[PDB]
Amino acid sequence: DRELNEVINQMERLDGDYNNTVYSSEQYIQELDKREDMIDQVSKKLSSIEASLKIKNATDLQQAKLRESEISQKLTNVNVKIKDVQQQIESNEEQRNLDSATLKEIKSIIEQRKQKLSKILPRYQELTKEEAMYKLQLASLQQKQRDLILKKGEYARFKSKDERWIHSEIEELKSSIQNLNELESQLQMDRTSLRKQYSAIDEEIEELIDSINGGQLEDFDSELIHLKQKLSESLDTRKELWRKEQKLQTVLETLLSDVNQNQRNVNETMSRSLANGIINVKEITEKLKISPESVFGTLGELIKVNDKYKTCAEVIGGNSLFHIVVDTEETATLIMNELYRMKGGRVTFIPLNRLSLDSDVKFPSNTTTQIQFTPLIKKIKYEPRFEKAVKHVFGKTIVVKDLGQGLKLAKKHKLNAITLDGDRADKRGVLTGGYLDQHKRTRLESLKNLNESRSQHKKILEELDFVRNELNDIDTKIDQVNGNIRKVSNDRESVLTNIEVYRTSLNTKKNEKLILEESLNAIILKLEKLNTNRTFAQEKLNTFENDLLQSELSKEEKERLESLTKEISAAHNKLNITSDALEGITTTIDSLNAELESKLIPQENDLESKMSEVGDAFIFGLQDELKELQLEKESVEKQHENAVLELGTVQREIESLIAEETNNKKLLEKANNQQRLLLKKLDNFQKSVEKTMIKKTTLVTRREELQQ
Amino acid sequence: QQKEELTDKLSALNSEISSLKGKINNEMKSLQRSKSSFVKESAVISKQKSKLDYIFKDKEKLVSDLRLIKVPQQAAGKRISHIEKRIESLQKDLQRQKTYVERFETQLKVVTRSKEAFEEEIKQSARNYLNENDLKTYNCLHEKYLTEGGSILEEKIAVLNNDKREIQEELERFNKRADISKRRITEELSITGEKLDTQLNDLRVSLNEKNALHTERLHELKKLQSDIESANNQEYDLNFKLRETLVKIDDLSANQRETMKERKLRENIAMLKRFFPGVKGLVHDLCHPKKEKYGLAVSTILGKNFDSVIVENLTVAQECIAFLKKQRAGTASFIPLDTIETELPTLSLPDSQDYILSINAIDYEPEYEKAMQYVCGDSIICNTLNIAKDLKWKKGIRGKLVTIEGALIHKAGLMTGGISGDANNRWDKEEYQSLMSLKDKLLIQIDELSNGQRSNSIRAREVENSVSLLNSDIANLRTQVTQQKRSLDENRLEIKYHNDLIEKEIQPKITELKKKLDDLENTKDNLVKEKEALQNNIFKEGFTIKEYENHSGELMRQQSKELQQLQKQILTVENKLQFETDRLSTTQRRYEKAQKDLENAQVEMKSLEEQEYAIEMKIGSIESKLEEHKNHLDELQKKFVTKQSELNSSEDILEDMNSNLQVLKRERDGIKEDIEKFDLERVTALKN
């Protein structure tokens with residue numbers, strides 16, 4: 001009876017064939033798993049890229065809205081500058097039209113005035129000739145008519161005759177009255193001298209006024225203009241800083257939101273028993289006295305590990321990633337008691353004050369055959385001060401290439417063993433292991449994100465402090481500019497008030513000095529008249545006294561009287577003829593001369609007004625041309641900058657949209673491929689499970705058959 | 001024997017009926033899914049069309065808004081031009097008024113001058129209406145007249161000289177008075193111009209003050225709106241903290257799903273047990289939790305193995321791990337019975353200080369009690385924290401001792417504490433709605449925050465504008481102060497000129513009185529001369545006209561001088577009329593310029609009104625079209641939400657059907673293959 005043995009051998013051959021089929025299916029599943037791992041890595045990269053793309057969409061879209069608002073504001077400023085340039089061009093065109101019109105009018109008026117002046121130059125060739133003659137005739141009449149009156153008076157005086165003189169009495173009048181005239185001369189001496197003193201005083205006052213009339217005001221105005229320009233530049237810089245600070249605040253808020261989202265994602269993984277513990281230990285930390293900064297946070301943020309074995313760390317880390325280190329044990333006990341309505345779960349503390357039981361550990365790596373063995377402490381960056389605690393955690397956790405060798409060395413030496421691929425073994429005899437997906441202890445990965453978020457928050461706080469300092473500086477500069485402007489205005493007002501008082505005083509003193517000079521001229525004329533009267537007295541009365549001092553006869557006197565009468569008649573006739581000719585010439589010429597003078601008077605005033613207006617218009621036109629050129633240059637520069645900025649923003653928006661569309665399409669394709677791969681993997685796993693069940697049944701049947 | 005076969009056949013028939021029903025259900029679900037996919041395709045097509053229409057409408061609205069904004073700049077320019085035109089018109093009206101007053105004054109002066117010239121001509125005409133023997137008689141007549149009145153003639157000559165001096169003084173005073181009058185007229189014109197400028201400045205200052213008050217009110221309103229936005233943001237932040245508590249409840253539900261995934265790994269281990277020999281299972285049910293004392297305690301300390309599994313052989317552990325790799329099951333911890341031998345003999349019962357030891361409070365059979373005493377080690381339990389500290393710190397032995405409530409000290413001295421009040425919760429489907437509501441609220445809050453940021457930017461711009469307005473107001477105040485100082489100086493100068501003119505007139509009154517006295521004396525002298533002439537007439541039968549070579553000739557010369565002065569006054573009146581005509585020509589040119597400017601302003605205003613009306617009509621049409629499109633898009637979005645909910649329900653139904661089909665297929669593999677194995681065993685038995 002050997003057919004049972006043949007059946008057993010056939011079953012063994014079938015089991016071997018099933019094992020070969022399982023190996024082929026495992027190779028196919030390994031290829032599919034490599035494809036699925038590549039697809040999953042691509043999908044994670046695409047999901048990160050899409051989250052970044054959406055965050056960029058929101059943030060850079062607010063930024064692009066702000067940039068478009070700034071570009072529109074620049075375009076509106078350029079449009080306002082162009083409107084102002086057009087207004088200045090219209091003002092210049094009106095000024096040029098007024099120049100042309102008023103200049104034709106001024107040319108006509110100047111031609112008329114020059115014709116009148118040329119006629120009046122000929123009129124003077126005529127008026128001077130008429131004058132010379134009229135003045136000569138008037139002098140003759142004064143030397144004839146007044147001479148005639150004097151001769152008549154002399155004849156009347158000579159008419160009186162007393163044989164038994166009165167001349168002595170006349171001498172008294174020649175002496176006393178002349179003495180009175182001398183007293184009048186004394187009045188002239190007291191007036192001419194007084195007039196000279198007043199003239200000297202007026203000259204000194206005029207010199208003093210002219211000295212003040214003269215520099216400082218121009219320098220003050222220039223300084224005020226420079227201060228105003230500096231204030232405008234400071235205001236522009238402050239506006240730019242305000243825009244930069246607003247953008248910084250917006251991006252900081254976006255970063256804070258992203259950090260909060262990342263923290264929530266990280267917390268989504270931990271068991272809530274210890275999540276609530278973390279929360280409670282936190283608000284207790286910010287509640288009670290933690291001034292010495294005894295809290296050092298979780299283990300993860302205090303150590304980094306080489307990525308090549310990072311997985312290992314995490315699997316050997318586990319809950320140990322969340323160890324908290326505190327300076328003093330008493331603090332930990334007090335905190336734990338203060339969880340007196342405990343609403344959270346697991347939470348551990350490791351005091352530094354009594355940190356002990358960290359026994360010394362010696363690594364046998366000195367000998368050979370430990371190349372496969374890699375101490376983990378060699379791959380960790382940490383603060384040396386905590387070495388003991390760290391050693392308690394990752395010290396004695398060894399890395400092995402083979403699980404059997406790891407167990408052998410664990411038996412030889414009491415250390416926890418694990419493989420690079422994550423086959424965690426226990427020194428005490430337990431064994432651990434299992435398949436691990438791409439998900440892991442993301443807290444360590446999220447620890448870097450949290451640190452970056454904290455750094456960004458610190459940078460945002462520094463930027464806010466700088467913005468506050470800049471705003472304070474801008475306010476101080478504005479206050480200083482306003483104070484300087486007010487001081488300059490007050491100084492200019494005081495200088496102008498002093499100058500106006502000086503000018504009013506100068507005008508009043510000049511009117512007074514003109515009145516005094518007219519009085520002095522009148523006094524000089526009176527003194528000349530008094531001297532002439534004294535000479536006439538000394539020539540008539542003194543001469544008569546001298547002659548009579550050496551008759552009651554007037555033979556020669558009678559002849560002189562007859563000659564005087566004849567000369568008086570001749571002078572009357574000559575004066576009549578003169579007066580007639582002079583009046584005719586005057587009516588002929590002086591009427592037109594005065595008419596021309598009157599016309600030129602209003603004409604002269606109109607010409608002066610036109611000249612002043614033309615000068616002001618020319619100065620204003622030059623200034624407006626310079627301002628228009630500067631404004632045109634500035635507007636061209638601003639338009640170029642705005643166009644460049646708009647083109648850049650449009651290009652960035654188009655690129656972002658294209659990238660978003662491509663990412664969405666790639667994500668959809670990757671999702672479809674992943675679904676297909678998952679279906680294939682599920683089918684393969686079901687087939688493998690069926691094959692394993694069949695193999696188990698065959699083995700059971702073979703054992704039952706061999707039992708006999 | 002055959003009873004098992006009959007039972008297997010009945011079970012197979014029932015499984016086949018169930019599989020047929022499940023296949024029918026799956027076919028119906030597939031048809032429904034295809035219909036839903038077609039509906040979703042149509043819905044997304046409609047949504048894309050609506051989005052394109054909305055994009056076109058938004059582009060049109062943005063174009064209209066930009067056109068209107070440019071219209072704001074054109075309107076500002078037109079307003080500036082109209083303000084300039086109104087200022088020019090006011091200046092032209094003030095001119096017209098002053099020029100008309102001056103023209104009336106000049107016409108009155110011209111009429112007076114013409115009347116004076118006519119009167120002078122009439123007087124001259126009235127005024128312009130002596131022999132050999134007569135001369136012989138006049139010789140003796142004049143001789144006698146002189147002999148009689150030489151003193152009278154001398155007095156008359158002196159009076160004439162004094163009158164000439166007084167007349168010279170009177171003309172000097174009159175010239176001074178005329179100069180003061182001309183200065184006063186010029187000062188009055190300057191004061192009128194300065195008063196017009198000051199009135200314009202005062203109107204500008206009032207307008208600036210009104211604008212500053214309006215801007216301050218607008219800034220206060222903006223600050224109040226910003227404060228209200230900040231308060232609403234704080235309220236929305238509190239509401240978002242409340243919504244994050246709902247997100248936290250959703251995370252707890254995901255934690256329940258994670259616990260279910262942990263449960264799944266354990267029936268996979270049980271499947272391995274059915275496939276591998278002599279496996280025990282999880283340790284949760286291998287412990288005694290009765291008495292409700294330090295019940296959780298042990299679990300806490302034993303947590304690392306409290307979720308581990310006991311297996312026969314370490315080789316079995318490795319092959320199970322390989323199976324986990326092959327079929328992607330999961331990760332767990334294994335304790336094989338072939339390695340526990342390490343630390344069995346630790347069965348000491350030393351002094352316990354009247355306290356319970358871990359093994360004492362656990363149910364067991366020999367190898368499980370081996371396993372638990374191995375894993376526990378030196379685990380001890382105490383009653384209170386103070387008792388634990390007294391029994392631990394005071395002693396030199398360090399170990400894993402825990403309190404009744406959970407506080408524990410590790411073998412290395414890690415003091416630890418914590419207790420949680422669990423709240424078993426479900427309602428993930430309700431959370432799906434709560435999460436969606438929270439997301440919508442967060443989106444609304446983000447939109448509100450963006451609006452608040454825009455409002456803050458607008459407020460900053462308004463603050464800058466207010467600062468500029470304050471600077472302009474300060475400049476205007478300085479200009480007004482300067483104008484007031486100039487007006488005060490002009491008033492003081494006018495007062496001084498008036499006082500000087502009053503003093504000159506007072507002096508002119510004395511001069512006129514002296515002239516009148518001299519004229520009276522001259523009249524008396526003329527009466528005396530007339531008496532002398534009448535006395536001489538006793539022999540006469542003239543003299544005033546005979547010396548018309550001197551008396552009436554001088555009178556005619558004076559009359560000619562007066563006529564020349566009247567002609568000069570007429571020429572001055574003609575020059576004033578020419579000045580008035582030139583001012584009227586300038587005013588007519590200004591009227592033409594103002595008419596052209598008013599026509600241009602009317603054309604610009606008409607163009608602006610037409611552009612504004614067109615923009616308003618376009619904006620209204622776009623708003624109506626956008627409201628209709630938004631209503632259509634809201635209806636489409638509601639339909640799409642309903643379709644998405646239906647698709648989710650269909651997907652859940654399909655997942656349930658697939659799970660049922662997989663269970664049935666596994667049973668058939670575990671039943672149909674079981675039936676085949678039973679048949680093979682029966683056939684083998686029949687071989688005997």
# chains A, B, ... in the order shown; residues from 1 in each chain; ligands from 1
>>> interface_residues(of="chain B", to="chain A", cutoff="6 Å", atoms="only C-alpha atoms", output="list in words")
residues 321, 325, 327, 330, 331, 333, 334, 335, 412, 414, 416, 418, 419, 420, 549 and 571 of chain B
>>> select_by_dssp(residues="segment 351-569 of chain A", states="strand (DSSP E or B)", output="list in words")
residues 351, 374, 375, 380, 381, 382, 397, 398, 399, 400, 416, 417, 418, 419, 425, 431, 432, 433 and 434 of chain A
>>> write_last_selection(atoms="C-alpha atoms", output="compact mmCIF listing (two decimals), in the first residue's frame")
# COMPACT_ATOMS: atom_id res chain seq x y z
CA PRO A 351 13.12 66.45 36.38
CA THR A 374 25.35 51.43 13.86
CA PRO A 375 24.96 53.29 17.18
CA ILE A 380 21.55 62.75 16.32
CA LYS A 381 22.02 66.50 16.65
CA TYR A 382 21.04 67.61 20.15
CA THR A 397 18.53 51.48 20.73
CA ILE A 398 20.85 49.77 18.20
CA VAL A 399 20.55 49.36 14.42
CA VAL A 400 21.10 45.98 12.76
CA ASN A 416 17.06 47.18 21.98
CA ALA A 417 17.52 46.17 18.34
CA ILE A 418 15.89 47.42 15.15
CA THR A 419 16.51 47.26 11.41
CA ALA A 425 13.07 44.04 18.59
CA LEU A 431 9.55 41.13 19.13
CA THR A 432 7.85 43.88 17.15
CA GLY A 433 7.38 44.65 13.48
CA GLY A 434 4.91 45.32 10.74
>>> residues_around(residues="segment 638-643 of chain A", least_positions_apart="2", cutoff="8 Å", atoms="only C-alpha atoms", output="PyMOL selection string")
chain A and resi 71+74-75+78+634-636+645-647
>>> select_by_dssp(residues="segment 235-412 of chain A", states="helix (DSSP H, G or I)", output="PyMOL selection string")
chain A and resi 235-267+272-285+300-302+307-322+329-338+364-366+376-379+384-394+403-412
>>> atom_distance(atom1="atom CA of residue 400 of chain B", atom2="atom CA of residue 415 of chain B")
9.9 Å
>>> residues_around(residues="residue 287 of chain B", least_positions_apart="4", cutoff="8 Å", atoms="only C-alpha atoms", output="PyMOL selection string")
chain B and resi 283+362-364
>>> residues_around(residues="residue 412 of chain A", least_positions_apart="6", cutoff="12 Å", atoms="only C-alpha atoms", output="MDAnalysis selection string")
chainID A and resid 364 405:406 427:428
>>> write_last_selection(atoms="C-alpha atoms", output="PDB file, in the first residue's frame")
ATOM      1  CA  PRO A 364      31.260  47.282  21.921  1.00  0.00           C
ATOM      2  CA  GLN A 405      21.951  38.901  14.301  1.00  0.00           C
ATOM      3  CA  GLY A 406      20.063  41.557  16.248  1.00  0.00           C
ATOM      4  CA  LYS A 427      16.002  43.408  24.615  1.00  0.00           C
ATOM      5  CA  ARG A 428      13.714  41.687  27.139  1.00  0.00           C
TER       6      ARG A 428
END
>>> closest_residue(among="B:173, B:223, B:290, B:98", to="residue 511 of chain B", atoms="only C-alpha atoms")
B:173
>>> atom_distance(atom1="atom CA of residue 256 of chain B", atom2="atom CA of residue 421 of chain B")
15.5 Å
